[PDB]
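To begin, one chain is listed below as structure tokens, in the form deposited in one PDB entry.
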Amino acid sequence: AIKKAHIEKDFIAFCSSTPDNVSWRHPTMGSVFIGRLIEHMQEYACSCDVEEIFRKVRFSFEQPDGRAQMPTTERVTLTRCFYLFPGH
């Protein structure tokens, strides 16, 4: 039989900065946010859910030294923790 489902659910968006503000990119090292996100997923995917990893990425941007940017999580409808279980 037919059943109703939420039209929008289980999403998370993570942007490189807050609204109105820039993000930084280096010609040979790439985007600061991307490099920071990769480092955090590599270290923390084993033990933290994605929302926690994203918070840790935001925390690493806290002390602004010349190229300020504050990554922001948006339109979050995850109802569960998303653990990546790398290796499984």
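Don't overthink the numbering: it's just position in the shown sequence, from 1. Take the two forms, find the largest set of C-alpha atoms that superpose within 1.5 Å, and that set is the rigid core.
One more form of this protein, deposited in another entry, exists but is not displayed; see below.
Trainee: Would residue 64 count as moving between this form and the one not shown, using a Cα shift of 2 angstroms or more after superposing the core as the test?
Mentor: No; that C-alpha moves by less than 2 Å between this form and the one not shown.
Trainee: Does residue 14 show a Cα shift reaching 2 Å between this form and the one not shown after rigid-core superposition?
Mentor: The answer is no, as the C-alpha of residue 14 shifts between this form and the one not shown by less than 2 Å after core alignment.
Trainee: Indicate whether residue 23 shows a C-alpha shift of 2 Å or more between this form and the one not shown, with the rigid core used for the fit.
Mentor: Shift at residue 23: 2 Å or more after core fit.
Trainee: Classify the change in Cα distance between residue 9 and residue 18 in that other deposited form as closer or farther, relative to the shown form (magnitude of 3 Å or more).
Mentor: Result: farther.
Trainee: Did residue 31 and residue 21 drift closer or farther in that other deposited form, going by a CA distance change of 3 angstroms or more?
Mentor: Here the pair is farther apart than in that other deposited form; there, closer.
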